[PDB]
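Right, one structure below, let's go through it.
Backbone-built Cβ (ideal geometry, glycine too); neighbour counts: all protein chains shown. Values quoted throughout were computed directly from the atomic coordinates according to the rules given, and no laboratory measurement underlies them.
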Amino acid sequence: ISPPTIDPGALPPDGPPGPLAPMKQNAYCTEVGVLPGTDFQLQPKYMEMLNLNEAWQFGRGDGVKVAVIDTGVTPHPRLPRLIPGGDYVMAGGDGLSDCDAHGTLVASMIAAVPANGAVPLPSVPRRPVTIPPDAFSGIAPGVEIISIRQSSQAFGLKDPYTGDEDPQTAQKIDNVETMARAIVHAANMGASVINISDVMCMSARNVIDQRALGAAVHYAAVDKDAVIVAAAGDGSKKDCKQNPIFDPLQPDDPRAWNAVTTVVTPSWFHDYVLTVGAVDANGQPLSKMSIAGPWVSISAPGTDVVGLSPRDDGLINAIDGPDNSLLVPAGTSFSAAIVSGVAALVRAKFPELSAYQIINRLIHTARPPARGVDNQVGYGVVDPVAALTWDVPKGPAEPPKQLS
Amino acid sequence: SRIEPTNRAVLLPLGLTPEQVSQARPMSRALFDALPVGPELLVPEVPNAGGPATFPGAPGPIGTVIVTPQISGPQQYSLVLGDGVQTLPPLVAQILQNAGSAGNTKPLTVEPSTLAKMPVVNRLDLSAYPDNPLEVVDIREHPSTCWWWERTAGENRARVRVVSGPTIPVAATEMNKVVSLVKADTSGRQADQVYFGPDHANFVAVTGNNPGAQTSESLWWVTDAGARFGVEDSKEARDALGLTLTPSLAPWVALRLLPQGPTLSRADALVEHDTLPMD
Amino acid sequence: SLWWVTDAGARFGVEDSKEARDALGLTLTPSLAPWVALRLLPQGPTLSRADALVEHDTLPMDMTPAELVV
């Protein structure tokens, strides 16, 4: 498959968020809970790799706007700087309630404020759910979060017929169009870090037309200077299947583009998007759970997740599964959250640098894998203190003239 | 820690001189990245300076320096904040007087009986400054400085220190067997010389640079000639090469400086060549 | 022109000078061969003392190799 190409004339016109056709809720919202025997007074195991106590000396990322394009967010007293951006699933929404449990976990992992004897906003005005002392803290407590509701599992079309196109593929084309719109809207809000944690897998056989999405990525990354960070895609999702790695018999292309079988989008645009893979809390790659595409560029932790509870006022560890079973979350959707926090702190300390330079600063300071550049992990594992203090060259990587 | 030659108020109490600072020697990019960053040596920023105090009997406006008479025992300096007073170390009181002088040269002397009535408060951080003058080393006699990292097997903490000397910390007899490397990479991220002393390690695992790191992220092999080669972490590669053993830890700041060769793996070696090129 | 052929089927050129000869050996007189046949074998670099005096940290990788099948 040939690498992506872009035609900037296809930008979608701006406008208020709203679905392409009327939708109705089909299922009840997901319940949540805590695994037996947890003690929230101990730090999460993933925070030991980041060494946050030393990274915070230069600041907590005050004055940075981060856009969370996902399943929305539910307000909580530990998130005092949340802004409602819009809704594309329901015409009457504003992105400020999540029925799938996914959105408040991702948002809280970035900006939840540490514990104190009293909360800044004791009021609790939040609405009910719709029907058809503590060691936890975010990576950058000073940021400002913008919420936009892009996707959900709980909603469906209320006139299901879709004509000459198969109802399975008919939904992918609606997602690609609705994703480009949210990226353009989020940039005009003035965000400086856009985080995308829900992504599409497609067969390499007759990929869907993405002209609108290509231009949308270029506009936000260059003309608005936003940093776009996206997940590599969890291998448990409906259509995601594993990609092949480097092949020693064909040194023609070291990232192996000719052997691709699954396409992940918008992650596909490696010239403007930073794609994050996953590793366990010890540093080994989660070889069985993340898609190893050729676009992958960096990696961060993805296990022992903790976060603020929707529908409650406390912490959580797991979400209620299909059965009575209580299911624990893990994967790239959370690793991309860690990098969104590190990216926010770095471009608070070096405000003169552009998006393309902030990305090079994170890439060059990461601990690399045995092959130097791989597909399960890109250049390596993220390193906060290193990104904030080493003297990185301003130009991109270049090979030596001669070795003898 | 960073310092500026224009700040005479801080240079003088520490024992530095504007000329001495301006004539300081260069620093390599390699060592610049290895040393951790500390807070800047600047005049303390006392908050809400000059306003009136909240508590009664305050000897002066907020931010003034107070001292107690020598006849009652060793003198203790202090600072008057908005809601109370906080103690000052001897060396910092001198910096505050010198910088906040505006023509004033001495603090207000107050007796214990009037001092004992003021409430004690703690509202500003001051642990950055040393408690006595700096013993600056004359670089002409010690032109060499190193960052040293070490970790003992079975320990949970690594030790970080700085060493200074007339020459690199190697035995005088072994100074002849330092290896001089070729240097294709001109970015200044590759060393000039490499030395393998006693109890060196061949098979290594990369770890974080801070002293509390516990991960073990990748395996490498370091040759006697100075180049490093990667090893794919698979049962077949480990057993074919004879590396079914536990590797020693190493930090990325030190290891990144050796040149990197091709990767060692069973798939990479199963290839035939007529003749090799020479770029 | 002087050439050396290996058992692996590759050919290498040898300098005519006393240094190159005396250093490798090859003092005996060579046999004659026709260029229309000898040119069919793959060629390697010439064995000149002037280019063997070089140092390297790592060598360049070989493009377009072939599979070794067991």
Q. In the protein assembly as shown, what percentage of the DSSP-assigned beta bridges are antiparallel, given to the nearest 5?
A. 55
**Q.** Farthest toward positive dipole pole in chain C [+1 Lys/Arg, -1 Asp/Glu at C-beta], among C:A20, C:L53, C:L40
**A.** C:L40
Q. Among B:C146, A:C29, which comes first, then next, by fewest other beta-carbon atoms within 10 Å?
A. B:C146, A:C29
Q. Relative to a virtual label point 7 Å from the Cα of B:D131 in the Cα→beta-carbon direction, which members of the range B:88-118 show backbone nitrogen distances below 16 Å?
A. B:88-94
Q. Using 1/(1 + (r/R0)^6) with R0 = 30 angstrom and r between the beta carbons of C:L41 and A:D247, what's the FRET efficiency to the nearest 0.05?
A. 0.50
Q. Based on Cα positions only, what radius of gyration and what Dmax would you give for the range B:22-69, in angstroms?
A. 20.2, 56
(Q) Let me check against my output: what whole-number percent is the relative contact order of the range B:1-154, with C-alpha pairs under 8 Å and at least 6 apart? (A) 23
(Q) Tell me whether the range A:228-373 comes out rounded, prolate or oblate; compute the Cα gyration tensor, take square roots of the eigenvalues as a ≥ b ≥ c, and use a/c under 1.5 as the rounded threshold. (A) oblate
**Q.** Distance cut-off 40 Å, percentage of C-alpha pairs in chain A lying past it
**A.** 12
Q) What order do you get for A:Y46, A:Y28, B:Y129 when you list them from fewest to most C-beta neighbours inside 10 Å? A) A:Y28, B:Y129, A:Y46
(Q) Please report the net charge: other residues with Cβ closer than 14 Å to the Cβ of A:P122, K and R +1, D and E -1. (A) +1
Q) For the range B:131-279, what is the relative contact order in percent, using Cα pairs closer than 8 Å and at least 6 residues apart in sequence? A) 17
**Q.** For the protein assembly as shown, the Rg and Dmax computed from alpha carbons only, in angstrom
**A.** 32.3, 116
Q | Only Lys, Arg (+1) and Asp, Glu (-1) charged, at Cβ; the protein assembly as shown dipole about Cα centre in debye | A | 1380
Q | Two-site label geometry, B:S72 and B:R123: point separation in nm, points 7 Å out along Cα→Cβ | A | 2.4
Q | Label-point gap, in nm, between B:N48 and A:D39 - each point 7 angstrom along Cα→Cβ | A | 4.1
Q | Interchain or long-range residues, amide H under 5 Å from A:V279's placed H | A | A:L286, A:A300, A:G302
Q. Under the classification rounded if a/c is under 1.5, otherwise prolate if a/b is larger than b/c and oblate if not, where does chain C fall, given a ≥ b ≥ c as square roots of the Cα gyration tensor eigenvalues?
A. oblate
(Q) I'd like the FRET efficiency for B:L241 and A:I83, computed as 1/(1 + (r/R0)^6) with the beta carbon distance as r and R0 of 60 Å, rounded to 0.05. (A) 0.60
(Q) Only counting other Cβ atoms within 10 Å, I'd like B:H273, A:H218 sorted with the fewest neighbours first. (A) B:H273, A:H218
Q. By the gyration tensor of its Cα atoms, with a ≥ b ≥ c the square roots of the eigenvalues, what is the shape of the range A:1-71: rounded for a/c under 1.5, prolate for a/b over b/c, or oblate?
A. oblate
Q. Considering amide H positions built from the backbone, and no H for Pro or chain starts, which residues 5 or more places from A:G307, or on another chain, come under 5 Å of its amide H?
A. A:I316
Q | Over the range B:174-218: Rg over Rh, Cα atoms, Kirkwood Rh | A | 1.05
Q.
Given contacts defined as C-alpha pairs under 8 Å and at least six residues apart, what's the relative contact order of chain B, whole-number percent?
A. 12
Q) Once amide H atoms are built 1.01 Å from N in the peptide plane, which residues 5 or more positions from B:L249, or in another chain, come under 5 Å H to H? A) B:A205
Q | Estimated FRET transfer efficiency when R0 is 51 angstrom, pair A:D62-B:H273 (beta carbons, to 0.05) | A | 0.30
(Q) Restricting everything to alpha-carbon atoms, can you work out Rg to Rh for the range A:279-344 with a Kirkwood hydrodynamic radius? (A) 1.02
**Q.** Share of alpha-carbon pairs per 5 Å distance bin for the range B:135-279, given as whole %
**A.** 2, 7, 13, 17, 18, 17, 12, 6, 4, 2, 1, 0, 0, 0
Q. Quick one: of the DSSP bridges fully inside chain B, what percent are antiparallel, nearest 5?
A. 70
